[PDB]
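Asker: Questions regarding the structure given below will be posed in turn.
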There are 2 protein chains.
Amino acid sequence: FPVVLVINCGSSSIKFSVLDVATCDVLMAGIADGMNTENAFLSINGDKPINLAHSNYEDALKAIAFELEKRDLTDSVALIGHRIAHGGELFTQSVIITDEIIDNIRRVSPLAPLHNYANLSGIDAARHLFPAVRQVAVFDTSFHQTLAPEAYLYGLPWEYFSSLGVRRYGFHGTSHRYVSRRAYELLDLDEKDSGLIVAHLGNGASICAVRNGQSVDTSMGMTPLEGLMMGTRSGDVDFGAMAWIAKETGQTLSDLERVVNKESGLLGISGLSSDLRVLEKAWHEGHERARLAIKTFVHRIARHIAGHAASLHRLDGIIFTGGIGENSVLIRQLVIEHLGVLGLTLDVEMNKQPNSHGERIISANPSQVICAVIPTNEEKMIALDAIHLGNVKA
Amino acid sequence: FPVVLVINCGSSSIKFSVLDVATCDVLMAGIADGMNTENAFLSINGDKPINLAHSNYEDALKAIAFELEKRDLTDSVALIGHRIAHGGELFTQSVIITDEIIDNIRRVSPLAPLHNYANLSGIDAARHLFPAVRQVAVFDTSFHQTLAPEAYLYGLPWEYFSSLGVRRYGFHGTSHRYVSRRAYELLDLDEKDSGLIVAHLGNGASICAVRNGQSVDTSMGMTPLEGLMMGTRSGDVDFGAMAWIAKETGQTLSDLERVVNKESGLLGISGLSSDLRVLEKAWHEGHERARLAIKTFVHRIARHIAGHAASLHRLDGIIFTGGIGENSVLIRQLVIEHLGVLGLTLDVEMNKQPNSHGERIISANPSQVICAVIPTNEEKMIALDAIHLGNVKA
Ligand SMILES: Nc1ncnc2c1ncn2[C@@H]1O[C@H](COP(=O)(O)OP(=O)(O)OP(=O)(O)O)[C@@H](O)[C@H]1O
Ligand SMILES: Nc1ncnc2c1ncn2[C@@H]1O[C@H](COP(=O)(O)OP(=O)(O)OP(=O)(O)O)[C@@H](O)[C@H]1O
């Protein structure tokens, strides 16, 4: 029984999973949080928070390697999947890692200096410690490359696109890809003749229009800061307003880059929490700023779901996924109520069911469009790309 | 036969019309272009481009006053309507100008320093030269004040809204108001039970969702720079991308404020023209960058039309208006083709007809939603507010 090791190297941490090739089931999971800071640590299955103590990316993956051996599965690791933040224009699908790929990832790395350089550090690490194991790079952008120029071009001068590569890329691609596939089976739809909208709702939120199995439009942009309002992210913001704030408050563009990214969104409006469970409780106890933040969140989601429906010849499904998408009875229903124009009717018995019910339809019978919850599994999708590329002669 | 003088004071010019109260018909029109620069001039009906020569706002309106007397209609001016750019939060409808109103306009003037200070200069001028004539202020934002918080709140921290007034305002309000009214008669719809989308397409472009006679959503934001891609305006732009451009190109926020406003949009992508007639010709002669700019323009309009449909309980009409909306057979049809998802069918015989056919339906019979062209008349709407307020005891 061979296994796939899945690595996601964030700026602050290293997430990992060990999935069994046979069944695509998680055997082990963990995180190396607070990376290379004065205090560094890893917690496998949240069962024993061990201490790294000021160790870097290389030593952190070396600690995960020790525990892979402590559980006698090191010699079972047939594949390693790397989650990559930004593939730029060069990467349209998942690849087997070579020296060339690294060069190409290094090339597009200015587009996301934070996450991408950490992704490479992980590639460098896993290579060093697992050299005779095939390694795969899976990109968070690659799915969205089917977008036509009219969908990815900004209104800016042409030079910014041709000389600097300023355009829409999109994110959550792996999630959007994974969910859309499952939707074809759940909704019983012919991929090649289908129109779906997928709402990835988590601390990061994005919408994707999938026409005939292809990503035709997506909510996020060049950076994850465009589109929906999120946990701490503002979403769509008037650039004139931002320029007006800069000249008024005296804050630099760097200052606002922190505000938009880390202080805005749900956290911004409520002034209470990035977390939705808190805000749902707050509103229940008569807190208006939380109610506002939620109603706004809902409104901006409804706008982009309906917006993205334009890039379809026909609408068949709206699919909810992500932390919020899967677990919030409230947000889902408020969003569907907001989309009555599209002829949606909801089944509140079905919409009441918790996530444990997995892939489920939540729309009543007379509805023009099928609504559904499909739990996202990025780890399974990464493993599947790896397994496929595992049979390839390189 | 009394008349209404209509004044629109831009940063660079002063537009004016003389409409007859009896029939609401234009008797005289003109412009005082290149204002207070080394060379200043006015052209009435484009019939004799006279020379002001370095004269300011006060002297320019004094020149228009001379020509009003030269045509023996000065003693007929019963009302004066002022087009005001930004009403802020204080102005929900059109008002009779008093000292209080001026104070209040001065208060919200930081929200639009360029246009608003020029608007006041015009108010100061018309007051001086026409003191015993009632004067009305009509706001380009007032219509959009029916927007709910979830529609006008940005994802930014709450303070920017409460202490600085950062929120969506919207523009083309007078146009959106005027067109929507006419739509009720043309489409034979009960205002109090209706859902319309209005696409104002000109050198400035904006979309408005009108639910039961009320503006519920609009494309533009705090400033006219948000929303659709326009002539020289970028439209919706990833703030992360703009921050990335700033740190990469070395340009300041002031530099980008010029680029977004005056160098981007249709002019930006094509690198040819702000004007659409040129780009339509260019594409015909096999120019891809013009074809791209148009296809993009179309895509971003379709997105926001469908987007804004979310704020409706039911969709009854899509209404095209503005320079482009009224005169471009191409753009209209490309937009409707892009909205097939909403069950629109077009009548290409009807869509072929030039603007001379005025208020017209352009959708075929089996269509789920009625499409129509309604020529906008801001001047008529301003006069109507003035005439109404003309019967009021103040
Ligand atoms: N039962 C629940 N009800 C409502 N909200 C929930 C529930 N469970 C989780 N959430 C919300 O889901 C969010 C976390 O989801 P998730 O783990 O997908 O975020 P993330 O992984 O950081 O973002 P991304 O998926 O974009 O990487 C939190 O904001 C939390 O409030
Ligand atoms: N026959 C036509 N075919 C195609 N496009 C046209 C035609 N006539 C005018 N236009 C376009 O209409 C635009 C000008 O419209 P308009 O006068 O409404 O702009 P504006 O008044 O500056 O903007 P706003 O109405 O927002 O104040 C130009 O971009 C022009 O290319």
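Sequence positions for chain B are given in Swiss-Prot numbering; the residues included correspond to 4-397, in order.
Heads up, the Cβ atoms here are built off N, Cα and C, so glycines get one too.
Checked Swiss-Prot, it gives:
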- B:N11, B:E381: Mg(2+) binding site (BINDING)
- B:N11, B:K18, B:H175, B:203-207, B:278-280, B:326-330: ATP binding site (BINDING)
- B:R86: substrate binding site (BINDING)
- B:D143: active site, proton donor/acceptor (ACT_SITE)
- B:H175: site 'Transition state stabilizer' (SITE)
- B:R236: site 'Transition state stabilizer' (SITE)
Asker: Would you mind listing, in sequence order, any of the recorded positions B:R86, B:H175, B:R236, B:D278, B:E329, B:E381 that have a CB less than 8 A from a CB of chain A?
Answerer: B:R236
Asker: Counting Cβ atoms within 10 Å of each candidate's own Cβ, which of the binding-site residues B:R86, B:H175, B:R280 comes out highest?
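Answerer: Per the Cβ count, the most surrounded site is B:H175.
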Asker: I'd like to verify something. Among the recorded positions B:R86, B:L204, B:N206, B:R236, B:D278, which ones have a C-beta closer than 6 angstroms to some atom of ligand 2?
Answerer: B:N206, B:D278
Asker: Tell me, how many other CB atoms lie within 10 A of the CB of B:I327 (ATP binding site), whichever protein chain they belong to?
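Answerer: Summing over all protein chains shown, B:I327 (ATP binding site) has 23 other Cβ atoms within 10 Å.
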Asker: Of these recorded positions, B:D143, B:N206, B:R236, which scores lowest on Cβ atoms within 10 Å?
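Answerer: Taking B:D143, B:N206, B:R236 as the recorded positions, the minimal 10 Å Cβ count falls on B:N206.
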Asker: Here are the binding-site residues: B:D278, B:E329, B:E381. Which has the lowest count of other Cβ atoms within 10 Å?
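Answerer: B:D278, out of the binding-site residues B:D278, B:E329, B:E381, has the fewest neighbouring Cβ atoms within 10 Å.
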Asker: Check B:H175 (ATP binding site) against DSSP and tell me helix, strand or coil, would you?
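Answerer: Note: B:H175 (ATP binding site) is coil by DSSP, not helix or strand.
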Asker: Please list, in sequence order, the residues in the chain of B:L204 (ATP binding site) that are at least six apart in sequence and whose C-beta is under 8 Å away from its C-beta.
Answerer: B:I304, B:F323, B:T324, B:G325, B:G326, B:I327, B:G328, B:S331, B:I334
Asker: Rounded to a whole number, how many Å is the Cα of B:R236 (site 'Transition state stabilizer') away from the Cα of B:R86 (substrate binding site)?
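Answerer: Answer for this pair: 22 Å between alpha carbons.
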Asker: Including all protein chains shown, what's the count of other C-beta atoms within 10 A of the C-beta of B:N11 (Mg(2+) binding site)?
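Answerer: B:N11 (Mg(2+) binding site): 24 neighbouring Cβ atoms within 10 Å.
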Asker: Within 10 Å of B:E381 (Mg(2+) binding site) (Cα to Cα), which of the binding-site residues B:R86, B:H175, B:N206 do you find?
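Answerer: Those close enough are B:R86, B:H175.
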Asker: Sequence order is fine: just name those binding-site residues in B:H175, B:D278, B:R280, B:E329 with a Cα within 10 angstroms of B:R86 (substrate binding site).
Answerer: none
